[PDB]
Amino acid sequence: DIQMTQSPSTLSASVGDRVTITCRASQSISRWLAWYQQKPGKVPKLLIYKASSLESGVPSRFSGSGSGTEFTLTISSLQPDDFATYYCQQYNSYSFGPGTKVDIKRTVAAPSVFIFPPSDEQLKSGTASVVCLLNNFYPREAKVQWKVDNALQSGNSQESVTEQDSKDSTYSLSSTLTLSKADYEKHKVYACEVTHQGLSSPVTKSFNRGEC
Amino acid sequence: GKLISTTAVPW
Amino acid sequence: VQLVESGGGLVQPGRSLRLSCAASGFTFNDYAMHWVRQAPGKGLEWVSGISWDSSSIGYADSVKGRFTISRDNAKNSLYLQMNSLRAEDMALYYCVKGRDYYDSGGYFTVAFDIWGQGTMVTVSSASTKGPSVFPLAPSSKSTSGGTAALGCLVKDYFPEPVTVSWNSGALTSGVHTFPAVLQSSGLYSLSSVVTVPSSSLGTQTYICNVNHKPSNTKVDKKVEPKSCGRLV
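Quick look at the structure:
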């Protein structure tokens, strides 16, 4: 069993940058390593194989090096076609690295944070969904924590994120806390606490069920 | 070392 | 040059599917051939492979004993027989052509140079179901500057996909419709949100149009303001 790791997991880049991303094998794989590009909804594309051979038709700004356990993929001058996720794979036994996503750098933008109580219609059905919206932020990394009467929640929320916006290059994210009606009715304060590079302190959006 | 390999070559 | 997969679809856990891949535009018999899968929103996982001469076969640990790879060179076809399917086998399955290389006494794949578009495999015990659509009501807790956020929670449907529009396509600016999430119940859920001017709020009608073709469900939900705390 050969573990492939990749670093960084994400990278913010600009057209014209030289970007180098890393792939590592838990044991020697000699030169039997290939790099693939993949974009949302599209098929992966072979870029490099045997560690450093450039595939026919692939632009020469792409290069690969390494042998044994440490491998690198380099883009000498990033072009708009190159924003994508990049995967390495070893050919002793075909395990893939977890991927490196190269997205479009823009200025740091803190999310705008909004909270939504459950609807009467939904409560009537026996469930309560509480939604927290993080709108138009960058970079992608963001932490959302739920608190119910100030007790930190775990295991009862799920989040979803958009792809990077093609015009303003931001992300948006929802986090949804799901409870039974009875549990929702046992507490009073529902709060979404957001941490993000664009914020000097965490932002909390909250409501009191009895006022809402 | 190879999970899948053959000694035979298609040429 | 092309690889065309078929055989995918919806199957219940424990049942079987047989995938096919028809190759054209290259000498199929001369190449190792492989299957790679990608679960929704996740990375790539190699599944199975077979050498050009069929003498050597391999499987990912996660599928071995349950999947069988084979090829029919006369029909320029590759196959994957998948038994005892689980939820974790849900994925788009790509048929993939290998490029091979001789080293240290052996001939082995070093690249996957041609990939099919994939055939989608959905493994679920869930029954087809239309969503319930709930308002994400704009309130004093969902404003930011001169704007208010509102939306619709499209909950508990199966299978993917649903579509969401706002005011029949008239409202598109500021709309974010999130990828669905698969809940522990086996049903999907999704929210669609939009930011609007707060100065017309409650006077201006906002209706989300939700369509779930698999259940022939069409829901238009008017999203009304909500009192949630005091003005600020």
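These protein sequence lines are chains A, B and C, in that order. Letter 7 of the first sequence, counting from 1, is numbered 7 in the working numbering, and no numbers are missing. Letter 7 of the second sequence, counting from 1, is numbered 219 in the working numbering, and no numbers are missing. Letter 108 of the third sequence, counting from 1, is numbered 331 in the working numbering, and no numbers are missing. Yeah, the Cβ is synthetic: ideal placement off N, Cα and C, and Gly gets one too.
Closest option to A/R18, judged by alpha-carbon separation, among A/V43, A/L33, A/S172 and A/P80: A/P80. Judged by beta-carbon spacing, A/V194 lies beyond the 9 Å limit of A/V108, meaning their Cβ atoms are not closer than that value.
Of A/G97, A/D149, A/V161 and A/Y91, the smallest CA-CA separation from C/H257 is found for A/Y91.
Residue state for A/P80 is assigned as helix, using DSSP reduced to three classes.
Under the Cβ criterion of 9 Å, C/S450 is counted among the residues facing chain A. One finds nothing in chain A with a Cβ atom closer than 9 Å to the Cβ of C/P384; even the nearest lies about 13 Å away.
By the rule that beta-carbons nearer than 9 Å mark a contact, A/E193 does not touch chain C. C/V259 belongs to the set of residues whose beta carbon lies under 9 Å from a beta carbon in chain A. Taking a cut-off of 8 Å on C-beta distances, the region 423-434 of chain C does not touch the region 403-412 of chain C, as fewer than three cross pairs fall below it. Beta-bridge analysis with DSSP links C/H257 to C/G272 and C/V319. If the five residues before and after A/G99 are omitted, its C-beta is found closer than 7 Å to the C-beta atoms of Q6, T85, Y86 and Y87, all from its own chain and listed in chain order. Between A/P117 and A/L173, the C-beta gap is not smaller than 9 Å, which leaves the two residues out of contact. When rounded, the separation of the alpha-carbon atoms in A/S175 and A/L11 is 24 Å. For C/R294, the number of other beta carbons within 10 angstroms of its own is at least 16, and it is reported as buried.
The C-alpha of A/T74 lies about 16 Å from the C-alpha of A/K45. As a beta-bridge residue in DSSP terms, C/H399 pairs with C/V416. Annotated three-state conformation of C/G392 is helix, per DSSP. Using a Cβ-Cβ cut-off of 9 Å, C/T332 counts as an interface residue toward chain B, since at least one Cβ of chain B sits closer than that to its own. Taking a contact as a CB-CB distance under 8 Å, the pair C/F290 and C/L303 counts as one, their CB atoms being some 6 Å apart. A/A191 and A/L78 have their C-alpha atoms some 41 Å from each other. For A/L33, the secondary structure class from DSSP, reduced to helix, strand or coil, is strand.
Interface criterion met: the Cβ of C/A283 is under 9 Å from a Cβ in chain A. Taking CB atoms only, A/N92 has a neighbour in chain B less than 9 Å away.
When rounded, the separation of the alpha-carbon atoms in A/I48 and C/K320 is 15 Å. As DSSP reads the structure, A/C88 sits in a beta bridge with A/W35. By the rule that beta-carbons nearer than 9 Å mark a contact, A/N150 does not touch chain C.
From the listed residues A/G198, A/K143, A/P8 and A/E211, the smallest Cα separation to A/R106 is found for A/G198. Per DSSP, A/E70 is one residue of the beta strand (DSSP E) stretching across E70 to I75.
The CB of C/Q340 comes closer than 7 Å to the CB of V43 in chain A, given here in chain order. When rounded, the separation of the alpha-carbon atoms in A/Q158 and A/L177 is 7 Å. With fewer than 16 other Cβ atoms from the protein chains shown falling within 10 Å of its own Cβ, C/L454 counts as exposed.
One alpha carbon belongs to A/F83, the other to A/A182, and they sit about 47 Å apart.
In this structure the region 336-356 of chain C touches the region 227-236 of chain C; the number of beta carbon pairs closer than 8 Å is three or more. Only those residues of the region 279-313 of chain C whose C-beta falls short of 8 Å from the nearest C-beta of chain B are listed: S279, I280 and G281. Judged by DSSP secondary structure, A/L123 falls within the alpha helix (DSSP H) whose first and last residues are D120 to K124. Proximity of C/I273 to chain B, defined by a Cβ-Cβ separation below 9 Å, is satisfied.
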